[PDB]
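Report on the following structure.
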Ligand SMILES: [N-]=[N+]=NC[C@H]1O[C@@H](n2c(SCC(=O)NCCc3nc4ccccc4[nH]3)nc3c(N)ncnc32)[C@H](O)[C@@H]1O
Ligand SMILES: [N-]=[N+]=NC[C@H]1O[C@@H](n2c(SCC(=O)NCCc3nc4ccccc4[nH]3)nc3c(N)ncnc32)[C@H](O)[C@@H]1O
Ligand SMILES: [N-]=[N+]=NC[C@H]1O[C@@H](n2c(SCC(=O)NCCc3nc4ccccc4[nH]3)nc3c(N)ncnc32)[C@H](O)[C@@H]1O
Ligand SMILES: [N-]=[N+]=NC[C@H]1O[C@@H](n2c(SCC(=O)NCCc3nc4ccccc4[nH]3)nc3c(N)ncnc32)[C@H](O)[C@@H]1O
């Protein structure tokens, strides 16, 4: 079937990319970059995030595959030495598909919609002060650096560094974590990370400042005259192609704990 | 239908209990503390915790109701003044049922029989005196070697309890999962731990296996007893769920708001 | 003696400033913004930091007084109405001096020294922040996250607290280093815990690849390019406060975060 | 001079112990009653016992730590260097002193005083732990949770570390307070952040309802009934180490947690 391969930029990612295209030359797989069914990412998680947003409009007919050139990633779980096996396994078209939940970021000032794979942070452009609304009701009023709404697969990313909990991707939910919150007498926050299920809307409403630095995954720009920032578990899901059992907790173990065989 | 009422023990709770019983008497409601279909807890979350474990063999045929006599609890929603409105909505059967996930705790010993436990809040494992050292095995795969005070596995509804004090994340009780939080992990070179709380879905099994000491202080909610000659402690989301009689619409996040932020 | 008064810029601060100078000249008080011995800050903690950075060269000859026009701060403690008796006591020279430790920040590439009253943070200029933490000419860890924060004892109740740092009394001559979203994994293992360093201890931050950092000293943040080394140590200079009443540090902490 | 050696219990410690004593068969006499030099073999736990065993004469005793297992913060030296320590001990060495924690327990009778090398903790006797934290005769917060930990500077790398506390260099004469599973709701509001108190500061823990507490001092933990007040302050007494080579505190922290 149709496929394509993305690259990080360095010689290593480019060389391996050309190798796989050559390998698929002995199989009935039409190389296409405008309408593929199998997107392969070579490099790191950042490279995977780019490939996701590059084809976020066709997540329905695309199974993503990750290859890490450097250290082991959570989206890039295939080794460069296993590229030969990858080509032969991809040829038959035999693979189970695994779907991960996504985050729907809606900004209201014209309504814009963004799909997050890892997280969607909201900072200020001075002091960051907003009001957290959960399903059309007041929960708290945040003051600090910002807020981070993470996906299950994204819990191991920025969410982890912010003290958030690690959540298995089989769970369809989203997690809200604080970023350098100041818990004084005036601005009281929950402190603890908050995990929201489907059909739950987290609305971030401004207090006095309308300019907020809204970021989505690997993309961070400045939005102007913002009135409301909505968050909910998107109906859209990213599909992966598995040929080998590589448990999510193993990837967590090999990343943060230890990797004895490497 | 059959029902029973549990009381905290104080005057206000016992007083409210007697009047509710008399209230149900004016309808088709039989008092039965052996096989109740409805269990009403009057007091607090701790009192509600006792009522749960009192009928943990009949959770499939029981809809629980909580009434707080003091401060607001996550299980005891109803106000004592709403007891009159409660006794009538129950008699008519004008209510829906909501279910929260539970935690299954299996304790295996040396070959003596294993013992299983259900938790509404959480289940914790600590040492019997010295250092607490266990191997955390996730789905038959080793994850970390833990050294510290203990480990806490919490239910979704139990996240607002001991879990939160330990730095755990607050989960919505609709989510079928379980959360593992550390209790003062040394987290060094020899005993490297994840640090972050772990949220496990259904059909996932967390195995705690002894390294040296085989005696552990195992706690389930309010109950905490010493277990000797332990070879394995298994955690997994139970297939059994606790059922709540729903009348109003009290948001879980509002209860969190009223308890930790402001009321 | 030779004094001066700084203002936030608002109407309330400027009015109270003029109402203070008028009562100042009523006594033996020569206004001097060149050789001051008493600096009165009117506004908030942010206004106080400005008054501090305005006279870093002569900190050993100046006693500071903070008056909050807005909310109560750890520096601006005096009330807008308590400025009446403040004029009298300040003229007779009865106040006691209280000294707080300061943080020295040196950027290396000809060096560039900075003094901080609250803290000094180092973040990346866009990409990931990866540096090597060197304690006393010995490597301690390789950090990868949003950045690091070296806080003064008096600055612990500020940004340091938000980052999970500890609150230490300003009578302790030390500096505290806290992490900013450390990834803390295999190849970038970090201590996690906030580190408190005494005097004569030097914390050197060294780049790995990118040498462009967003160095921030208190209220200002400069995008330093071509950075080779960032050194932190407890400065020999200390800020002096004119003590009139008795307002305990832990009491100020209680009023802020505990209600 | 007079000396003595304590053992952990395992064969690795007792065998190494007997080998060292034979090495002083110099002008060194084995005296466990009035020693001038105390050598601990095993781990930090073994060292703690040796400390409390000779807390009567801390001013005239230099301690040496040897770890048969993994590296400790008090048990510095590896058994491979045990021989070189013998020749060096028989007296070319300096003396390093670490601060200690004084714990005072009042009842409702007399009072009890204890010295801690690592930390002192106070927990409940079964139910919820609820106390009032009083700093210098001034109320600070009403704590509710598992307990509170007051740690020495050298004890920060122990229980304090696991509780999310800050790491302090043992040259800083202070004490650190950390929380144990604080519920931190609207009725029981706590600071959350660890608190570092200097000398001459008294932290008083006062009961609210229950007066029975599980008070621990280092490795010892006993139940105290009818407690009226638990006072914390930096002790005037210090523990003396016999410094041989140069093993920095931060390097020792690195080898424990970073590696
Ligand atoms: N790969 N990539 N590109 C973007 C992804 O990086 C992840 N991320 C980020 S991006 C948010 C940000 O403000 N970064 C500021 C500087 C920075 N970016 C980093 C990216 C990776 C590791 C460290 C970083 N520090 N920060 C952190 C952090 N501290 N620890 C861990 N992961 C982070 C985040 O999930 C984002 O999706
Ligand atoms: N006064 N003044 N100006 C500079 C002071 O800001 C204090 N600070 C800062 S400055 C870092 C920054 O630029 N953060 C972006 C969002 C922000 N800026 C703030 C400034 C003051 C209070 C809260 C802020 N949040 N952040 C935080 C934070 N999260 N919690 C607490 N205090 C913070 C810090 O102590 C510094 O000395
Ligand atoms: N060695 N020795 N024995 C006494 C010392 O153990 C230190 N400690 C303690 S004692 C507190 C306690 O009663 N914990 C429950 C059982 C326990 N003891 C331990 C000792 C070392 C590591 C883990 C432990 N868990 N806990 C912890 C902990 N989690 N991480 C690190 N160090 C701890 C404490 O500093 C005390 O001085
Ligand atoms: N009856 N009854 N209640 C039992 C419930 O107490 C909750 N819990 C516990 S029980 C564990 C324990 O033995 N802790 C030390 C003594 C204790 N018990 C408490 C009960 C409530 C609040 C604080 C407590 N401290 N600890 C804590 C804690 N630190 N913060 C918050 N909640 C806690 C836990 O969810 C358990 O289900």
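Please note: Cβ atoms are built from the backbone with ideal geometry, for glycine as well, and neighbour counts cover all protein chains shown. All of the numbers you see were taken from the coordinates with simple rules; none came from a lab.
Computed as a quarter of the hull surface, the mean projected area of the alpha carbon convex hull for region D:161-220 stands at 5.7 nm².
Counting only other chains, what is the mean number of Cβ atoms within 10 angstrom of the Cβ of each residue in peptide B:143-152?
2
Can you compute the helix-only [θ] at 222 nm over chain B? Use -39500 (n - 2.57) per DSSP H run of at least 4 residues, normalise by all residues, nearest 500 deg cm²/dmol.
On the way: 5 runs with 43 residues, N = 263.
Value at 222 nm, helices only: -4500 deg cm²/dmol.
Give the shape of region D:188-259 as rounded, prolate or oblate, defined through the alpha-carbon gyration tensor: a ≥ b ≥ c are the square roots of its eigenvalues, a/c under 1.5 means rounded, and otherwise the shape is prolate if a/b is larger than b/c and oblate if not. The shape class here is prolate. For region A:102-235, the percent of C-alpha pairs falling in each 10 Å distance bin, counted from 0 to the bin holding the largest distance, reads 13, 49, 34, 4. For the peptides D:151-162, A:33-44, A:247-258, B:219-230, the ranking by mean Cβ contacts within 10 Å, running from highest to lowest, is D:151-162, A:33-44, A:247-258, B:219-230.
Peptide D:171-180 has a mean shielding of 4, counted as Cβ atoms of other protein chains within 10 Å of each residue's Cβ. Descending by average beta-carbon neighbour count within 10 Å, the peptides B:95-101, D:188-194 line up as D:188-194, B:95-101, the highest first. Here region A:114-166 is described by how far its Cα atoms reach on the three principal axes: 28, 27, 23 Å, from widest to narrowest.
Is region D:23-74 rounded, prolate or oblate when judged by the Cα gyration tensor, a ≥ b ≥ c being the square roots of its eigenvalues, rounded requiring a/c under 1.5 and prolate requiring a/b larger than b/c? Since a/c reaches 1.5 but b/c is at least a/b, the shape of region D:23-74 is classed as oblate. Summarising the strand pairing of the protein assembly as shown, around 75 percent of its internal DSSP beta bridges are antiparallel. Between residue D:27 and residue A:94, the modelled labels are 8.6 nm apart [label points 7 Å from Cα along Cα→Cβ]. For region D:90-139 and region D:178-209, what is the separation of their Cα centres, given in Å? Their Cα centres are 14 Å away from one another.
Of the DSSP beta bridges with both residues in region C:28-182, give the percent that are antiparallel, rounding to the nearest 5.
Approximately 75 percent, going by the DSSP bridge assignments.
Of all DSSP bridge pairs formed entirely within chain D, close to 80 percent run antiparallel. Computed over all pairs of different Cα atoms, the Kirkwood value for the hydrodynamic radius of the protein assembly as shown is 31.8 Å.
Rounded to the nearest angstrom and listed largest first, the equivalent-ellipsoid semi-axes of region D:1-142 from its Cα gyration tensor are 37, 17, 14.
Across every direction, the projection of the convex hull enclosing the Cα atoms of region C:54-132 has a mean area of 8.7 nm².
Sorting the segments C:121-130, B:46-55 by their residues' average number of neighbouring beta-carbon atoms within 10 angstrom, most packed first, yields B:46-55, C:121-130. Taking the three principal axes of the alpha carbon atoms in chain A, the coordinate ranges are 66, 45, 33 Å, sorted in descending order.
The three principal axes of the C-alpha atoms in region B:136-196 carry coordinate ranges of 37, 26, 14 Å, sorted with the longest axis first.
Peptide D:244-251 is shielded by partner chain Cβ atoms: per residue, an average of 3 of them sit within 10 Å of its Cβ.
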